[PDB]
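Below is one structure, written out as structure tokens; comments come after it.
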Amino acid sequence: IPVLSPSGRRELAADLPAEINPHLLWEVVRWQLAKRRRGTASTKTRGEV
RNA sequence: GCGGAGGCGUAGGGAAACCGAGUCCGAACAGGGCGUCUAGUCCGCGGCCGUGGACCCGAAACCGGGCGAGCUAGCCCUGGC
């Protein structure tokens with residue numbers, strides 16, 4: 001990518017033919033993100049408490 | 001994150017031995033009910049359940065241990081009236 005010595009770089013072959021699955025992509029990704037975040041609080045009563 | 005041991009299918013059916021897209025009864029080529037493009041598979045979300053008390057508190061009691069007669073008891077010691 002440089003312009004000093006090296007100069008030139010192209011890609012997309014990966015899979016240009018399709019590329020149209022945005023639905024599920026963003027979705028689930030969003031999911032685990034929520035996980036990591038620590039959420040520690042308690043619940044109380046049951047029988048005695 | 002790197003990190004394969006753990007599942008459901010990829011068959012069934014049969015007490016089992018074990019046969020097989022077919023199995024089991026029966027002496028039976030036969031009768032008869034259970035077999036085959038059965039895409040499934042794991043996510044979040046959700047039904048909908050299992051333990052969970054899992055909706056909400058609550059009824060007199062049963063179990064354990066602590067408190068317990070500075071009231072009422074009975075006698076027990078001795079002062080009194």
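In the structure tokens, chains take letters A, B, ... by order of appearance, with residues numbered from 1 within each chain and ligands from 1 in the order shown.
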Query raised in the report: Counting only C-alpha atoms (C1' of nucleotides), what is within 9 Å of stretch 13-30 of chain A, bar same-chain residues fewer than 3 positions away, as an NGL selection string?
Result: (:A and (33-34)) or (:B and (43-44))
N, CA and C atoms (P, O5', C5', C4', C3', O3' and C1' of nucleotides) of the current selection, written as a PDB file, in the first residue's frame:
```pdb
ATOM      1  N   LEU A  33     -21.908  -9.437  22.395  1.00  0.00           N
ATOM      2  CA  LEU A  33     -21.468  -8.161  22.954  1.00  0.00           C
ATOM      3  C   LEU A  33     -22.103  -7.933  24.341  1.00  0.00           C
ATOM      4  N   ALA A  34     -23.416  -8.145  24.417  1.00  0.00           N
ATOM      5  CA  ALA A  34     -24.125  -7.942  25.666  1.00  0.00           C
ATOM      6  C   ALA A  34     -23.489  -8.797  26.761  1.00  0.00           C
TER       7      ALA A  34
ATOM      8  P     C B  43     -25.811 -24.066  21.031  1.00  0.00           P
ATOM      9  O5'   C B  43     -26.172 -22.778  20.135  1.00  0.00           O
ATOM     10  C5'   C B  43     -27.234 -21.913  20.523  1.00  0.00           C
ATOM     11  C4'   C B  43     -27.156 -20.583  19.806  1.00  0.00           C
ATOM     12  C3'   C B  43     -28.173 -19.603  20.368  1.00  0.00           C
ATOM     13  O3'   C B  43     -27.677 -19.027  21.615  1.00  0.00           O
ATOM     14  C1'   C B  43     -28.221 -19.552  17.957  1.00  0.00           C
ATOM     15  P     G B  44     -28.524 -19.273  22.983  1.00  0.00           P
ATOM     16  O5'   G B  44     -29.249 -17.859  23.161  1.00  0.00           O
ATOM     17  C5'   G B  44     -28.569 -16.669  22.800  1.00  0.00           C
ATOM     18  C4'   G B  44     -29.518 -15.648  22.177  1.00  0.00           C
ATOM     19  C3'   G B  44     -30.965 -15.651  22.661  1.00  0.00           C
ATOM     20  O3'   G B  44     -31.085 -14.966  23.902  1.00  0.00           O
ATOM     21  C1'   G B  44     -30.912 -15.447  20.313  1.00  0.00           C
TER      22        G B  44
END
```
Requested in this report: With a cut-off of 8 Å and counting only C-alpha atoms (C1' of nucleotides), select all residues of chain A in contact with chain B and give the selection as a ChimeraX atom specification.
Outcome: /A:28,31,46-47
Requested in this report: Enumerate as a list in words all residues of chain A assigned to alpha helix (DSSP H) by DSSP on the backbone, naming them with the chain letters and numbers the document uses.
Outcome: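 Selection result, alpha helix (DSSP H) within chain A: residues 22, 23, 24, 25, 26, 27, 28, 29, 30, 31, 32, 33, 34, 35 and 36 of chain A.
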Report task. Extract, using only C-alpha atoms (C1' of nucleotides), all DNA, RNA and protein residues at most 8 Å from stretch 4-13 of chain B, discarding same-chain residues fewer than 5 positions from it, and format them as a list in words. Result -> residues 20, 21, 22, 23, 34, 35 and 40 of chain B
Query - Coordinates-based distance that separates atom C1' of residue B:68 from atom CA of residue A:48 (Å, one decimal) - result: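 It comes out at 26.3 Å.
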